[PDB]
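Below: the structure, in C-alpha cells.
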Amino acid sequence: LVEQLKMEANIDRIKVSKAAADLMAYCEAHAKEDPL
Amino acid sequence: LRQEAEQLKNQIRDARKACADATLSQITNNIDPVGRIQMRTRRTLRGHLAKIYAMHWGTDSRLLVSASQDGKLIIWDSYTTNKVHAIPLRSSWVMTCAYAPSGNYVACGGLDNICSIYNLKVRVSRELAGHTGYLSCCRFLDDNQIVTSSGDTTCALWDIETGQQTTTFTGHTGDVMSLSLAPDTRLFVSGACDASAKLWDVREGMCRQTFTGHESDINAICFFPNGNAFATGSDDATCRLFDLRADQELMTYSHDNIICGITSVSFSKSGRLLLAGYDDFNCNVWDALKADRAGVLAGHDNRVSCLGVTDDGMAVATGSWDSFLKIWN
Amino acid sequence: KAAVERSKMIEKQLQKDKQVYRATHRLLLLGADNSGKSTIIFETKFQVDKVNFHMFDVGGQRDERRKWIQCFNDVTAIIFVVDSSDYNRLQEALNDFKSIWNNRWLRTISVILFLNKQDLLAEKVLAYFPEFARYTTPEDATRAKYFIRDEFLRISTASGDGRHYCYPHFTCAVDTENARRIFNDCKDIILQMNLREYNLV
Amino acid sequence: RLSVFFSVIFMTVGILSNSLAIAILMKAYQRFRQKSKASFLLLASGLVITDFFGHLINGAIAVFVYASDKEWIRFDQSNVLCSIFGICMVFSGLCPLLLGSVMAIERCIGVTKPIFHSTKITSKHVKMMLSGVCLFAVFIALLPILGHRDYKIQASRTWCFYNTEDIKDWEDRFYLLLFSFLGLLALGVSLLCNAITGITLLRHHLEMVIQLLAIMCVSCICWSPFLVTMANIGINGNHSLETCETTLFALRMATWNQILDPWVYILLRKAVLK
Amino acid sequence: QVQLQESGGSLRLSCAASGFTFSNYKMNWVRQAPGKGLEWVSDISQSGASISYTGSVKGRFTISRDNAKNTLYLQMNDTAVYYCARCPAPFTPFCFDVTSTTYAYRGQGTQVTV
Ligand SMILES: O=C(O)CCC/C=C\C[C@@H]1[C@@H](CC[C@@H](O)CCc2ccccc2)[C@H](O)C[C@@H]1O
C-alpha cells in the first residue's frame, strides 16, 4: 500500500489552467459536428 | 506504516493544491452557454418482461443490446424498432452486458460470477469463470480479449480463446461497480464502492493514479472523448469531472434539489454535454463546461438503470426499471 | 422483409415467455450461517397446490451486500430464517432484519419470518436482554419464544405501515409444514397487492 | 316541463367526470402496470370510455332534437336518425351494466381466490373478455336492425327506443323482455359478486367494503326503476301500464347512474382525493 | 477523502469526520472484542432523532453528535477496539454494511481495556 502511494506521488502534474484550456479547445473544435 | 502512508497522502494533497492555480468555472465564464436542450423521444422499444439492468450500443451506431431481469438478452435494431436477436441466459440475475466492436460477439454476466460470451456468427461460445464476487461490468477490447470488473474488489483482463485470466488488477478496497475504456484502448478507469476511481494500464497491469474526491459509492463512470478526463457519478447526488494530466477534480455537477444518486453517466460526441441518469426516474443533461443544468429528460416510470450515447452522437438510449428502452434525439 | 418476420417470431416467443414467467413465484432466502436455512447461488424449485415456487439462496459473494441486494427488488417475498436458540447473535439478526425492512429498495417486499430450532430454545430455557424481566406473554396460542416474536414485530411495525407485512412462524428442525406456510403467506401477499391496486394506493 | 337544460347539464357533468377519470386512470395504470396485470384498471378504462362516448353521442343527438323544435318530420326522411339514436341509447345502456357485472366477477375472483387469479388468468383473457362484452353489447343493439322491426320514437318526442306505446306482435315484446332480462341479470350478478367479496373481506379492508356497498346501492337504486318499468311494459300490452312521466323519471334516473359510475368507481378513493 | 479519526482510550470516545458533509449521514459506533467479530454497539441518526443501543449497553452508554464541529461522541460508564462508522448513502434511515470485515467508510478505531 505504501509502495503504491510512493509510486503515485512521483509523477509530473500539469497545471489546471492548461488542462482547462485543452478541454475548452477540444469542445470548441468539435462542437460544430455534434448532433446534440 | 500508517504514519508513512499519512505522510505521502499529505504530500500528494499539497502537490495537488500547489498545482491547482485556477478553476474550470473561472475559465468558462466568457463563453456562450448552451441553450435550453429539449431532446424528444423518437423510438421506444418494448418486449422486456422485467426491469432492464444494462445496455450497450453497437459500434455501427444502429444495433444495440439490452439485458433484463427475466434472463433475456435482446438485440434490437434501433432504426426500424424490429428485434434482431433474443438470447436466453442460464441465470436471470444479469447485471451487465456488452457489444463487441466487430459486432460478432456479445457478453454478459451477473450474480453467478460467470462472464458468458455468446457468438452471433446463437450458442454460448465461452464462459470465463475466475471471479469470486458478482461481475458488475465487462467491456470488449477485441474479439480475443475482454476486460471485466467484479464485486470482489478486482478487475481482470481475460483472453477469450483460452478462457484464462491473462491479467488481474488489484488495489480497490470495495466492490468495483463500473469501468470505462479509453479510446486508445491502452488505459482504462475503474470506479468502486470506495468513493475512489483508479486508472489502470492494460499492458503494465499496475495502477497509475487514484482520484478520490467523492463522498459515497460510485455507481457509474465514463471517459472524456479526447481521452484526458473522465466523469464519475456517485450515491451522493453529485457528478465529478477528473483530469488525467492534472490528477485532480475539475468540476462538480450538482444542484440543491437532488437527493438521489446517479446510476449512469455518459458524454456527448464532442463532450460539451454530460448526461447523467438519476434514481428519480429522470435524466439530466449538464453543460460539461459551465456546470449548469442545460436540460432534463423525463418520461420513465421507474429509475433509469442504464444510459448510453451512440458512437456518432445521433441518439441517446436510456433503459429504466419500467421495462422500457427509450431513444432520444 | 425477413427482418419483420424474425421480429414477429421473437415477439411470439416473448409472449410465451411472459406466459410462463408470470406463473412462477420467486422468493429470496436470507438468514445467518448458524440459522438452519438449508433445512427449510442455490436455487430450489418446489410445487404447492399446483403453484410453482422458486427460492434463491445467495451465498457466493462477500459480506458487503448493499449492492447485489438491489437485484432482488421485484422478488415476491423474503424468507428470513433466524436461529432463536442462540441469544448472543440474536441482536445481529435483529439488526439485519431492521436493515432489510427499512431499505429503500426493499420497502415494498414482505418478509416471511421463520424462527428455527425451537426445540433447542425450549431445552435451553428449561434450566442479554434486560427488557425481558418486565415482560408478560400475550393472550395468544400455545414465553421466551413469544418475547422474541414481539421483538421482531416491534421493528416490523415501527416503520412501513400499509406497504408490507411480516409473518412470523415457529419452525422446528423436523417440521414439514413449511411449504404450506410459505404458500399461505404468498396467498395473503397477493391478496394485499390486489387490494392495494383496487384502491389505487 | 321538458327542456334541453337537463340534457346539457347531464352531458357536461358526465364528460367532466369521465375525462378526470380517464386522466387519473392513465396515471394510475402507468404507476401500477409494472407490478402485475392491471385487470381492474383495464376494465375501469373500458367502462369510463364507454360512458364518455355514450354520453357525448346521445346528448349531442338529444340537443339536436331539441334545437329543431321537435320537428321530427323534415330532417329524417328515411328515419336513419331514429335508428342511430336508438342504437346508441341501447349500447350506452347495456354496455355499462355488463361491464360492471364483469368487473364485479373479476374482483370477486381476485379477492376470494387470489393465487389462481394471479397465476392462471393473464391480461390477454381480460382484454378478450372486455372486447367480447363490447361486441355483445353492440350486437344486442344491432339485433332489431338485423331483424325486421325498427326503433320507434317514444311518446316524449325526444328519444328513440323499442316499440312501447303499441300492442305489436311478439317481436316487440321479445325485444323489451330481452333488454329487461339482460339488465336484471347483470344487476343480480353484480350484487351477488359484490356481496360475496364484502363478506369475505369483513371476515384497506374498510375502504373496499365501503366502495362495494356504494357500488351496490348506486347501481341498484339508479337502475331498478327503468328495468322494472320495461319489464312491466313488455309483460303487459301497455293498456294497463305506466305513463310518460314515470318513464322519463327513469331515463333521467339511469343517466344519473351513468354520471355517477366514474365518481363511485375511481374518483372517490382516498389516494385519488389526496 | 473520507476520513474518520477516532480518539480516546468512564470514557469520552471521540470521532472527528472530514472529507464529507457530516450533518447528512446516520452514524454508528461499532466494537470488536479481541478474539471475536465486529458487533454493532450504538447508532444515532442525522438530527439527534431516535437513538438505538444494543441490549447490553442500554442506559449505561450515551451517544451524541456535534454537527457544528462535525464530531461524534460516545460517553461510557468491555475491552474492545472501537470504531465510528457511517451509513453508505446520505438522506437514508438505514445502515446496511456497517458491521463488515472490510468497510470503506469506517475509521481506524481505538483500544479500550477494562
Ligand atoms: O328529453 C329528455 O329530457 C330525456 C331524453 C333522453 C335522451 C338522451 C339523454 C342524454 C343522456 C344520455 C346518457 C346515456 O348514458 C343514455 C342513458 C340511458 C341508456 C339506456 C337506457 C336509458 C338511459 C346524456 O347524459 C344527456 C342527455 O339527457
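Following the order of the C-alpha cells, first chain is A, next is B, and so on, with residues numbered from 1 inside each chain and ligands from 1 in the order they appear.
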**Request:** Give as a ChimeraX atom specification the residues surrounding ligand 1 up to a distance of 8 Å, considering only C-alpha atoms and all ligand atoms.
**Result:** /D:2-4,6-12,14,51,54-63,66,88-94,156-159,226,248,250-256,258-259
**Asked** Counting only C-alpha atoms, which residues from chain C have an atom at most 12 Å from any atom of chain E, and could you show them as an NGL selection string?
**Response** :C and (62-69 or 87-107 or 128-132 or 151 or 155 or 158-159)
Just-selected residues, N, CA, C and O atoms written as a compact mmCIF listing (two decimals), in the first residue's frame:
```
# COMPACT_ATOMS: atom_id res chain seq x y z
N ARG C 62 -19.28 -11.80 -1.18
CA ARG C 62 -18.73 -11.38 0.10
C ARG C 62 -19.83 -10.86 1.01
O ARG C 62 -21.02 -10.89 0.68
N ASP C 63 -19.43 -10.38 2.19
CA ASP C 63 -20.39 -9.92 3.19
C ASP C 63 -20.94 -8.53 2.91
O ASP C 63 -21.93 -8.14 3.53
N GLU C 64 -20.33 -7.78 1.99
CA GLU C 64 -20.85 -6.47 1.60
C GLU C 64 -22.02 -6.70 0.65
O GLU C 64 -21.82 -7.00 -0.53
N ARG C 65 -23.24 -6.57 1.17
CA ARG C 65 -24.44 -6.93 0.42
C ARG C 65 -25.37 -5.74 0.20
O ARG C 65 -26.58 -5.93 0.03
N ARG C 66 -24.85 -4.52 0.21
CA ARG C 66 -25.68 -3.36 -0.06
C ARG C 66 -25.86 -3.09 -1.55
O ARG C 66 -26.63 -2.20 -1.91
N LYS C 67 -25.17 -3.83 -2.41
CA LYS C 67 -25.23 -3.60 -3.85
C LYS C 67 -25.92 -4.71 -4.62
O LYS C 67 -26.71 -4.43 -5.52
N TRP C 68 -25.66 -5.98 -4.30
CA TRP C 68 -26.32 -7.06 -5.02
C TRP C 68 -27.71 -7.36 -4.49
O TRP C 68 -28.45 -8.12 -5.13
N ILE C 69 -28.10 -6.78 -3.36
CA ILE C 69 -29.46 -6.97 -2.86
C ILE C 69 -30.46 -6.26 -3.75
O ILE C 69 -31.62 -6.68 -3.86
N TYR C 87 -28.74 -16.78 21.86
CA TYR C 87 -29.04 -15.44 22.35
C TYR C 87 -27.96 -14.43 21.99
O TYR C 87 -28.26 -13.25 21.77
N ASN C 88 -26.70 -14.87 21.92
CA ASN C 88 -25.60 -13.95 21.69
C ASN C 88 -25.71 -13.27 20.33
O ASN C 88 -25.48 -12.06 20.22
N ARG C 89 -26.05 -14.02 19.30
CA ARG C 89 -26.14 -13.50 17.94
C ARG C 89 -27.53 -13.00 17.59
O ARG C 89 -27.77 -12.63 16.43
N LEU C 90 -28.46 -12.97 18.55
CA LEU C 90 -29.82 -12.54 18.26
C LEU C 90 -29.86 -11.08 17.83
O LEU C 90 -30.61 -10.71 16.91
N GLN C 91 -29.07 -10.22 18.49
CA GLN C 91 -29.06 -8.81 18.13
C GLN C 91 -28.56 -8.59 16.71
O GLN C 91 -29.02 -7.67 16.03
N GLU C 92 -27.62 -9.41 16.25
CA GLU C 92 -27.17 -9.32 14.87
C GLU C 92 -28.31 -9.61 13.91
O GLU C 92 -28.49 -8.91 12.90
N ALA C 93 -29.11 -10.64 14.21
CA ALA C 93 -30.27 -10.95 13.38
C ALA C 93 -31.28 -9.81 13.41
O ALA C 93 -31.89 -9.49 12.38
N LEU C 94 -31.49 -9.20 14.58
CA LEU C 94 -32.40 -8.07 14.67
C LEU C 94 -31.92 -6.91 13.81
O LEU C 94 -32.72 -6.26 13.12
N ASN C 95 -30.62 -6.62 13.84
CA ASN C 95 -30.07 -5.55 13.01
C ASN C 95 -30.25 -5.86 11.53
O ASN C 95 -30.60 -4.98 10.74
N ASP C 96 -30.00 -7.12 11.13
CA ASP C 96 -30.19 -7.50 9.74
C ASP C 96 -31.65 -7.33 9.32
O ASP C 96 -31.94 -6.81 8.23
N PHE C 97 -32.58 -7.76 10.17
CA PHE C 97 -34.00 -7.62 9.85
C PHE C 97 -34.39 -6.15 9.74
O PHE C 97 -35.17 -5.78 8.85
N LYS C 98 -33.88 -5.31 10.64
CA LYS C 98 -34.20 -3.89 10.58
C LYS C 98 -33.66 -3.25 9.31
O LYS C 98 -34.35 -2.46 8.66
N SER C 99 -32.43 -3.60 8.93
CA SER C 99 -31.85 -3.06 7.71
C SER C 99 -32.63 -3.51 6.48
O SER C 99 -32.82 -2.74 5.54
N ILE C 100 -33.07 -4.77 6.47
CA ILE C 100 -33.88 -5.27 5.36
C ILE C 100 -35.21 -4.54 5.30
O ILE C 100 -35.65 -4.10 4.23
N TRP C 101 -35.88 -4.39 6.45
CA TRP C 101 -37.21 -3.79 6.48
C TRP C 101 -37.17 -2.32 6.07
O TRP C 101 -38.05 -1.86 5.33
N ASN C 102 -36.16 -1.58 6.52
CA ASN C 102 -36.11 -0.15 6.28
C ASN C 102 -35.38 0.23 5.00
O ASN C 102 -35.24 1.42 4.72
N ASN C 103 -34.92 -0.74 4.22
CA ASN C 103 -34.23 -0.43 2.97
C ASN C 103 -35.17 0.25 1.99
O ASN C 103 -36.36 -0.05 1.92
N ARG C 104 -34.61 1.18 1.21
CA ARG C 104 -35.41 1.92 0.24
C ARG C 104 -35.92 1.01 -0.87
O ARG C 104 -37.08 1.10 -1.27
N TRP C 105 -35.06 0.12 -1.38
CA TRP C 105 -35.44 -0.76 -2.48
C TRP C 105 -36.19 -2.00 -2.02
O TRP C 105 -36.80 -2.68 -2.85
N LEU C 106 -36.16 -2.32 -0.72
CA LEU C 106 -36.89 -3.45 -0.18
C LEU C 106 -37.98 -2.99 0.79
O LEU C 106 -38.36 -3.73 1.70
N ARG C 107 -38.49 -1.78 0.59
CA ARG C 107 -39.55 -1.25 1.43
C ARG C 107 -40.93 -1.71 0.99
O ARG C 107 -41.92 -1.36 1.65
N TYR C 128 -28.70 -10.71 28.54
CA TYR C 128 -28.50 -10.15 27.21
C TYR C 128 -29.58 -9.13 26.88
O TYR C 128 -29.31 -8.10 26.26
N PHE C 129 -30.82 -9.41 27.28
CA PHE C 129 -31.95 -8.51 27.07
C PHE C 129 -32.56 -8.13 28.40
O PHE C 129 -33.37 -8.90 28.96
N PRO C 130 -32.21 -6.98 28.97
CA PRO C 130 -32.79 -6.58 30.26
C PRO C 130 -34.29 -6.35 30.20
O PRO C 130 -34.95 -6.41 31.25
N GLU C 131 -34.86 -6.09 29.02
CA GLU C 131 -36.28 -5.82 28.90
C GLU C 131 -37.14 -7.06 29.12
O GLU C 131 -38.37 -6.94 29.22
N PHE C 132 -36.54 -8.25 29.18
CA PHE C 132 -37.32 -9.47 29.34
C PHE C 132 -37.95 -9.55 30.73
O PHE C 132 -39.01 -10.18 30.88
N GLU C 151 -40.18 -8.99 19.77
CA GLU C 151 -39.01 -8.18 19.47
C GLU C 151 -38.88 -7.95 17.97
O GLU C 151 -38.51 -6.86 17.53
N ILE C 155 -39.87 -4.04 15.41
CA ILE C 155 -39.21 -3.46 14.25
C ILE C 155 -40.11 -3.54 13.02
O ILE C 155 -40.11 -2.64 12.18
N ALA C 158 -42.66 -0.79 13.44
CA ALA C 158 -42.12 0.54 13.72
C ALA C 158 -42.22 1.45 12.50
O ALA C 158 -42.55 2.63 12.63
N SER C 159 -41.95 0.91 11.32
CA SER C 159 -42.00 1.68 10.09
C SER C 159 -42.62 0.84 8.99
O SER C 159 -42.68 -0.39 9.07
```
**Message:** Residues near region 8-17 of chain A, anyone? I mean within 10 Å using only C-alpha atoms, not counting same-chain ones fewer than 2 positions away, as a VMD selection string.
**Reply:** (chain A and resid 2 to 6 19 to 23) or (chain B and resid 8 to 9 11 to 13 15 to 16 18 to 24 26 to 27 207 to 210 243 to 250)
**Message:** For residue 28 (chain A), find every residue with an atom within 12 Å (counting only C-alpha atoms), except residues of its own chain fewer than 5 positions away, and show them as a count of residues only.
**Reply:** 13
**Item:** Between CA of residue 56 (chain C) and CA of residue 301 (chain B) - distance in Å to one decimal
**Value:** 27.6 Å
Would you give me, as a PDB file with N, CA and C atoms, in the first residue's frame, the residues of chain B that come within 12 Å of chain D, using only C-alpha atoms?
```pdb
ATOM      1  N   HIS B  48     -39.302  -6.384 -23.190  1.00  0.00           N
ATOM      2  CA  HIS B  48     -38.677  -6.887 -21.975  1.00  0.00           C
ATOM      3  C   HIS B  48     -39.735  -7.081 -20.898  1.00  0.00           C
ATOM      4  N   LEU B  49     -39.783  -8.286 -20.331  1.00  0.00           N
ATOM      5  CA  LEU B  49     -40.821  -8.625 -19.366  1.00  0.00           C
ATOM      6  C   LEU B  49     -40.569  -8.032 -17.988  1.00  0.00           C
ATOM      7  N   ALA B  50     -39.335  -7.642 -17.683  1.00  0.00           N
ATOM      8  CA  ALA B  50     -38.996  -7.143 -16.360  1.00  0.00           C
ATOM      9  C   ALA B  50     -38.036  -5.970 -16.515  1.00  0.00           C
ATOM     10  N   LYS B  51     -37.447  -5.555 -15.397  1.00  0.00           N
ATOM     11  CA  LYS B  51     -36.596  -4.374 -15.382  1.00  0.00           C
ATOM     12  C   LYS B  51     -35.333  -4.602 -16.200  1.00  0.00           C
ATOM     13  N   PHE B 281     -36.201   8.762 -11.565  1.00  0.00           N
ATOM     14  CA  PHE B 281     -36.949   8.359 -12.755  1.00  0.00           C
ATOM     15  C   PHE B 281     -36.624   9.238 -13.961  1.00  0.00           C
ATOM     16  N   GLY B 299     -39.868  10.962 -18.696  1.00  0.00           N
ATOM     17  CA  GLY B 299     -40.769  10.074 -19.401  1.00  0.00           C
ATOM     18  C   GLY B 299     -40.655   8.623 -18.986  1.00  0.00           C
ATOM     19  N   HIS B 300     -39.836   8.345 -17.977  1.00  0.00           N
ATOM     20  CA  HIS B 300     -39.669   6.996 -17.459  1.00  0.00           C
ATOM     21  C   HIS B 300     -40.445   6.840 -16.158  1.00  0.00           C
ATOM     22  N   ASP B 301     -41.130   5.709 -16.018  1.00  0.00           N
ATOM     23  CA  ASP B 301     -41.947   5.437 -14.844  1.00  0.00           C
ATOM     24  C   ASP B 301     -41.159   4.816 -13.699  1.00  0.00           C
ATOM     25  N   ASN B 302     -39.874   4.532 -13.896  1.00  0.00           N
ATOM     26  CA  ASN B 302     -39.032   3.991 -12.838  1.00  0.00           C
ATOM     27  C   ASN B 302     -37.617   4.519 -13.031  1.00  0.00           C
ATOM     28  N   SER B 320     -34.644   1.889 -18.296  1.00  0.00           N
ATOM     29  CA  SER B 320     -35.049   2.050 -16.909  1.00  0.00           C
ATOM     30  C   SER B 320     -35.668   0.758 -16.391  1.00  0.00           C
ATOM     31  N   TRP B 321     -36.025   0.770 -15.108  1.00  0.00           N
ATOM     32  CA  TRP B 321     -36.679  -0.372 -14.484  1.00  0.00           C
ATOM     33  C   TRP B 321     -38.126  -0.532 -14.921  1.00  0.00           C
ATOM     34  N   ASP B 322     -38.655   0.402 -15.706  1.00  0.00           N
ATOM     35  CA  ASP B 322     -40.015   0.317 -16.219  1.00  0.00           C
ATOM     36  C   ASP B 322     -40.152  -0.668 -17.371  1.00  0.00           C
ATOM     37  N   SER B 323     -39.131  -1.488 -17.623  1.00  0.00           N
ATOM     38  CA  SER B 323     -39.120  -2.482 -18.694  1.00  0.00           C
ATOM     39  C   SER B 323     -39.207  -1.851 -20.079  1.00  0.00           C
ATOM     40  N   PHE B 324     -38.848  -0.575 -20.204  1.00  0.00           N
ATOM     41  CA  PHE B 324     -38.897   0.124 -21.480  1.00  0.00           C
ATOM     42  C   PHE B 324     -37.555   0.776 -21.766  1.00  0.00           C
TER      43      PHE B 324
END
```
**Prompt:** With only C-alpha atoms as the basis for distance, which of E:37, E:107, E:90, E:8 is at the shortest distance from chain B?
**Reply:** E:90
**Message:** Can you tell me which residues surround residue 255 (chain B) at a distance of at most 12 Å, considering only C-alpha atoms, apart from same-chain residues fewer than 3 positions away, and format the answer as number ranges by chain?
**Reply:** B: 236-239, 252, 258-260, 284, 286, 291-293
Could the residues in this selection be written to a file with N, CA, C and O atoms, as a PDB file, in the first residue's frame?
```
ATOM      1  N   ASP B 236     -24.054  10.217  -3.698  1.00  0.00           N
ATOM      2  CA  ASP B 236     -24.292  11.475  -3.007  1.00  0.00           C
ATOM      3  C   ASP B 236     -24.914  12.530  -3.913  1.00  0.00           C
ATOM      4  O   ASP B 236     -24.779  13.727  -3.634  1.00  0.00           O
ATOM      5  N   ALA B 237     -25.581  12.110  -4.990  1.00  0.00           N
ATOM      6  CA  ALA B 237     -26.307  13.009  -5.889  1.00  0.00           C
ATOM      7  C   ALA B 237     -25.385  14.046  -6.524  1.00  0.00           C
ATOM      8  O   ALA B 237     -25.767  15.200  -6.722  1.00  0.00           O
ATOM      9  N   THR B 238     -24.161  13.637  -6.849  1.00  0.00           N
ATOM     10  CA  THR B 238     -23.204  14.526  -7.489  1.00  0.00           C
ATOM     11  C   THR B 238     -22.493  13.789  -8.610  1.00  0.00           C
ATOM     12  O   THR B 238     -22.330  12.567  -8.566  1.00  0.00           O
ATOM     13  N   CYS B 239     -22.072  14.543  -9.618  1.00  0.00           N
ATOM     14  CA  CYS B 239     -21.143  14.062 -10.626  1.00  0.00           C
ATOM     15  C   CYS B 239     -19.857  14.869 -10.528  1.00  0.00           C
ATOM     16  O   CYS B 239     -19.874  16.034 -10.129  1.00  0.00           O
ATOM     17  N   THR B 252     -17.702  20.021 -10.315  1.00  0.00           N
ATOM     18  CA  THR B 252     -18.735  19.243  -9.644  1.00  0.00           C
ATOM     19  C   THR B 252     -20.089  19.645 -10.205  1.00  0.00           C
ATOM     20  O   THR B 252     -20.447  20.827 -10.183  1.00  0.00           O
ATOM     21  N   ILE B 258     -31.549  17.792  -5.581  1.00  0.00           N
ATOM     22  CA  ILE B 258     -31.464  16.370  -5.892  1.00  0.00           C
ATOM     23  C   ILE B 258     -30.940  15.644  -4.663  1.00  0.00           C
ATOM     24  O   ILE B 258     -29.917  16.035  -4.091  1.00  0.00           O
ATOM     25  N   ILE B 259     -31.642  14.586  -4.258  1.00  0.00           N
ATOM     26  CA  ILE B 259     -31.254  13.810  -3.088  1.00  0.00           C
ATOM     27  C   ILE B 259     -31.134  12.340  -3.466  1.00  0.00           C
ATOM     28  O   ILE B 259     -31.248  11.457  -2.609  1.00  0.00           O
ATOM     29  N   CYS B 260     -30.902  12.067  -4.748  1.00  0.00           N
ATOM     30  CA  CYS B 260     -30.816  10.704  -5.251  1.00  0.00           C
ATOM     31  C   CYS B 260     -29.528  10.524  -6.039  1.00  0.00           C
ATOM     32  O   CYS B 260     -29.071  11.436  -6.731  1.00  0.00           O
ATOM     33  N   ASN B 284     -30.627  13.969 -16.440  1.00  0.00           N
ATOM     34  CA  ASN B 284     -30.261  15.375 -16.522  1.00  0.00           C
ATOM     35  C   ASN B 284     -29.127  15.559 -17.520  1.00  0.00           C
ATOM     36  O   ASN B 284     -28.185  14.761 -17.558  1.00  0.00           O
ATOM     37  N   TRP B 286     -26.279  18.103 -18.320  1.00  0.00           N
ATOM     38  CA  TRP B 286     -25.477  19.203 -17.812  1.00  0.00           C
ATOM     39  C   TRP B 286     -24.583  19.756 -18.910  1.00  0.00           C
ATOM     40  O   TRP B 286     -24.161  19.034 -19.816  1.00  0.00           O
ATOM     41  N   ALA B 291     -21.120  23.797 -15.979  1.00  0.00           N
ATOM     42  CA  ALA B 291     -21.671  23.153 -14.786  1.00  0.00           C
ATOM     43  C   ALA B 291     -23.066  23.679 -14.456  1.00  0.00           C
ATOM     44  O   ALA B 291     -23.418  23.870 -13.291  1.00  0.00           O
ATOM     45  N   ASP B 292     -23.866  23.918 -15.491  1.00  0.00           N
ATOM     46  CA  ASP B 292     -25.242  24.369 -15.344  1.00  0.00           C
ATOM     47  C   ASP B 292     -26.158  23.390 -16.060  1.00  0.00           C
ATOM     48  O   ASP B 292     -25.881  22.996 -17.197  1.00  0.00           O
ATOM     49  N   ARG B 293     -27.245  22.999 -15.396  1.00  0.00           N
ATOM     50  CA  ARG B 293     -28.158  22.003 -15.949  1.00  0.00           C
ATOM     51  C   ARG B 293     -28.820  22.561 -17.201  1.00  0.00           C
ATOM     52  O   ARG B 293     -29.681  23.441 -17.119  1.00  0.00           O
TER      53      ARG B 293
END
```
**Message:** Using only C-alpha atoms and a cut-off of 6 Å, which residues of chain D sit close to chain C? Please list them as an MDAnalysis selection string.
**Reply:** chainID D and resid 114:115 119 271
**Prompt:** Which neighbours of residue 44 (chain C) fall inside 7 Å, counting only C-alpha atoms, when residues of the same chain fewer than 2 positions from it are skipped, and could you give them as an MDAnalysis selection string?
**Reply:** chainID C and resid 42 46 54:56
**Request:** Write down as a PyMOL selection string the residues of region 7-110 of chain C whose backbone DSSP state falls under strand (DSSP E).
**Result:** chain C and resi 24-31+42-48+51-57+77-83+110
**Message:** So that I can check the surroundings of residue 78 (chain E), please list as a PyMOL selection string every protein, DNA and RNA residue that reaches within 9 Å of it, counting only C-alpha atoms and ignoring chain neighbours fewer than 6 positions away.
**Reply:** chain E and resi 33+112-114
**Asked** Near chain E, which residues of chain B fall within 8 Å when you count only C-alpha atoms, and what do they look like as a ChimeraX atom specification?
**Response** /B:173-174,193-195,212-217,235-236,259
Write out the residues from the selection above, keeping C-alpha atoms, as a PDB file, in the first residue's frame.
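The resulting part_13.pdb:
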```pdb
ATOM      1  CA  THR B 173     -10.894  -1.701  -1.203  1.00  0.00           C
ATOM      2  CA  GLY B 174     -14.548  -2.166  -2.191  1.00  0.00           C
ATOM      3  CA  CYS B 193     -17.760   1.259  -3.710  1.00  0.00           C
ATOM      4  CA  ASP B 194     -14.945   3.174  -2.035  1.00  0.00           C
ATOM      5  CA  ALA B 195     -15.528   6.765  -3.269  1.00  0.00           C
ATOM      6  CA  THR B 212     -10.665  10.413  -4.548  1.00  0.00           C
ATOM      7  CA  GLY B 213     -12.957  13.396  -4.066  1.00  0.00           C
ATOM      8  CA  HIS B 214     -16.346  11.732  -3.790  1.00  0.00           C
ATOM      9  CA  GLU B 215     -18.294  11.023  -0.606  1.00  0.00           C
ATOM     10  CA  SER B 216     -20.125   7.740  -1.278  1.00  0.00           C
ATOM     11  CA  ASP B 217     -20.150   4.740  -3.606  1.00  0.00           C
ATOM     12  CA  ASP B 235     -24.637   7.962  -4.481  1.00  0.00           C
ATOM     13  CA  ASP B 236     -24.292  11.475  -3.007  1.00  0.00           C
ATOM     14  CA  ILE B 259     -31.254  13.810  -3.088  1.00  0.00           C
TER      15      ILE B 259
END
```
**Asked** Of the candidates B:147, B:241, B:120, B:229, which shows the shortest atom-to-atom distance to residue 26 (chain A), using only C-alpha atoms?
**Response** B:229
**Request:** Figure out the distance between CA of residue 98 (chain D) and CA of residue 261 (chain D), please, to one decimal in Å.
**Result:** 13.0 Å
